[PDB]
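The structure appears below as structure tokens.
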Amino acid sequence: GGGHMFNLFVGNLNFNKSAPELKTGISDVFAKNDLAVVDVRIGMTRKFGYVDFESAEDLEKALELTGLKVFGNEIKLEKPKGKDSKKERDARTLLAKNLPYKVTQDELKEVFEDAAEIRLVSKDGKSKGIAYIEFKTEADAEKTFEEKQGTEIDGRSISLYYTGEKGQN
Amino acid sequence: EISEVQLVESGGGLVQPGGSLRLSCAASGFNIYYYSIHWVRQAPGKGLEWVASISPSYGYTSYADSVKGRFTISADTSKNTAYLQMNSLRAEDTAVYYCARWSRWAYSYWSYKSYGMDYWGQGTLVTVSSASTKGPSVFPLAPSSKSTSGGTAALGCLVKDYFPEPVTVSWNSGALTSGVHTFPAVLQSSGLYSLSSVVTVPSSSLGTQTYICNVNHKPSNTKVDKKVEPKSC
Amino acid sequence: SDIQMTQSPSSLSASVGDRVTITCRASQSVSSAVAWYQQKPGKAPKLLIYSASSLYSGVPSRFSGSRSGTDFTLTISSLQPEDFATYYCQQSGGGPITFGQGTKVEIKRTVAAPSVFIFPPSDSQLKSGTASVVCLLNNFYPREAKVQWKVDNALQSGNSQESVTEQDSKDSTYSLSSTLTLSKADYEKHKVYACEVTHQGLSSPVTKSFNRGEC
DNA sequence: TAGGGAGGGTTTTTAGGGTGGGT
Ligand SMILES: [K+]
Ligand SMILES: [K+]
């Protein structure tokens, strides 16, 4: 589910400094601005990281800081673009993971009038059924979720479920 | 990096053989989703034994062979807590269980190939036994019948047949550290623990003496105080 | 699991200032995913080395770690009084993580005489149906000691339990308490009981015995 | 479908999740 603790992406780090040094430097500037983060979590290339906050309130305060300098670099705090991702979507993204075996891409998929992609997933050699059909709806997509209800792909029947964060039990 | 990293274990205690017990590892000071949480147990008098680990970001879990299939490790990121449910418990599973965190977060999938277990909890005790709570049945403070002339005389206080530990113990007074020893408890075939405690005594000056015992059993309420005197036959 | 760390010597005695060496050998290639831990009694383990050569923050520089293939070495250049503990090596390169058997580093002192003792039951064991015959070794060194029970000619086997203390923090000595258990019927119908010791500190073995109560 | 981390777990359709299973 991507975790539950609120966190922020920090970019433009001085990669010449080690990860422990960057953890201290990022913590100090927030501490100097009267903000107590809980962890820093430098990334692999050390050009970026992910700052953890105890509450959404501390996070929103952090995003409104300006001109933060660590080791000579002006770091930038970004809300990770998961809101632009399927957090808003997947009410307009369906899954029809093929329930049989390998099939053809240009197999006259006439069961969907309006959709932007029905590309399946194939591996080296044989493949199993993974084919999610995209969507272009706004108020959920129930015009297609309840409209398929057991089509007939080659081999056996098929199924249509959710993807992303909508079908997560 | 500043926030105090702390791991707290709970849920340990007494469980019957074949039963199930669930341990909780409350985490603070870091995001439990992006780290790896490991459970390590240590049997009484034995070394460390790795049990299980979970890496929620990659959905990766691992178990030791001795516990594979029986134990199940899970995490509730909403509470920042890791769980270890132990099924089909046996007497060899009786140990002190710790939960630990990796030194660095899962920056890469290869992150397990470096770093180590950074922070540990206090450790909670899990005891698997069919025996029920009982109190001590302390026995002697009997010296040697064939003693010596002022060289050295040995007392005793045998604390036997109690369940479970601890048995925090002393002698007559509140502080009589003089050459005193408290041996570790031993697990008998009956399922109960027996223990012994001795002290140094001058073989010449034993008329005044004292040397009553101070056996204490916390979850038994069975404080028994036995006295010292050579036998007569 | 299936990846085992063979830790040696699993026990060594040394003095303050000595240079100690603890070596772990991996049964399979783990590259460098090896960590070293220090544990003191009644406490959680503390990390010392990670990546087989990187000191954890706060660890004194007298600790170090080298690698020569599948062999991983923990080196203490000058042993310190607070370094006497048990050290464990850990593998994380393969699948499940495994620890070594541990190496206990005990303080080194001169050899001391055990001063054996032996005691009879306590008037309630006689009135409870069980016999508990003790044999105490008091303030001896080294830890190596062999105790022996004898039923008037016969070495008792499978009926005794003994426990040893840690090094006393005034003399760096140990203490042992063996306890033979027998039913009253077995105990009431025999004569001559004794416990025998074979400690290296005594030229000839010392046997302590009491025919019966004989008080 | 079931092996490895150069396929990917905070975004640009390769799948996503952990009852599919082990790094
Ligand atoms: K995977
Ligand atoms: K996979």
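Below, chain A is the first sequence line, B the second, and so on; all start at residue 1. Worth knowing before you read on, the calculation uses all heavy atoms, side chains too, and leaves out hydrogens, waters and symmetry mates.
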Distance between the [atom1] atoms of [N] and [M], in whole angstroms?
N	M	atom1	result
D:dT13	D:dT23	P	31 Å
D:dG4	D:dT12	P	27 Å
D:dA15	D:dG7	P	15 Å
D:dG18	D:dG22	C1'	11 Å
D:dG17	D:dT10	P	11 Å
D:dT14	D:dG8	P	11 Å
D:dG9	D:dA2	P	24 Å

Using whole Å, report how far [atom1] of [X] lies from [atom2] of [N].
X	N	atom1	atom2	result
A:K86	D:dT14	NZ	P	14 Å
A:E88	D:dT10	CD	P	20 Å
A:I42	D:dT10	CD1	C1'	15 Å
C:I3	D:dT23	CD1	P	8 Å
A:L94	D:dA15	CG	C1'	15 Å
B:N31	D:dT10	CG	P	10 Å
B:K113	D:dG5	NZ	P	6 Å
C:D2	D:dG22	CG	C1'	13 Å

So what's D:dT12 doing, north or south, if we go by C1'-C2'-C3'-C4' (plus is north, minus is south)?
north
OP1 or OP2 of [N] sitting under 4.0 Å from any side-chain N/O of [X]?
X	N	value
B:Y63	D:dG22	no
B:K68	D:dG22	yes
B:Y60	D:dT23	yes

Would you say that C:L47 contacts B:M117 through its side chain, given a criterion of any heavy-atom pair below 4.5 Å between the two side chains?
no
Determine yes or no for a side-chain-to-main-chain donor-acceptor pair under 3.5 angstrom, with [X] supplying the side chain and [Y] the backbone.
X	Y	value
B:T127	B:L14	no
B:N80	B:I32	yes
B:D118	B:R101	no

Which one, D:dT11, D:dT10, D:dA6, comes nearest to the side chain of A:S85?
D:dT11
Of the listed nucleotides (D:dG5, D:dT10, D:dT23), which one gets closest to any side-chain atom of A:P80?
D:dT10
Syn/anti label of D:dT12 as read from its glycosidic torsion, with the cut at 90° from 0:
anti
Syn or anti for D:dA15, taking syn as within 90° of 0?
syn
Once you apply a heavy-atom cut-off of 4.0 Å, does [X] come out as touching a base, just sugar-phosphate, or nothing?
X	value
A:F9	nothing
B:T61	nothing
B:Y33	sugar-phosphate

Whichever of A:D52 and B:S55 has its nearest DNA chain D nucleotide further upstream toward 5'
A:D52
Please tell me which of B:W110 and B:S62 maps to the more 5' nucleotide of DNA chain D, matching each residue to the nucleotide holding its nearest heavy atom.
B:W110
Does the ring of A:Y50 lie flat against the base of D:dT10, closer than 5.5 Å centre to centre with planes under 30°?
yes
Presence of salt bridge, B:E9 and B:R41, under 4.0 angstrom:
no
Does B:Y109 contact D:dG22 through a side-chain donor or acceptor facing the base, at a distance under 3.5 Å?
yes
Using ring centroids (six-membered ring only for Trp), state whether C:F99 and C:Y37 fall under 6.0 Å.
yes
Drop me the distance from A:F71's CZ to A:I26's CD1, to the nearest 0.5 angstrom.
8.5 Å
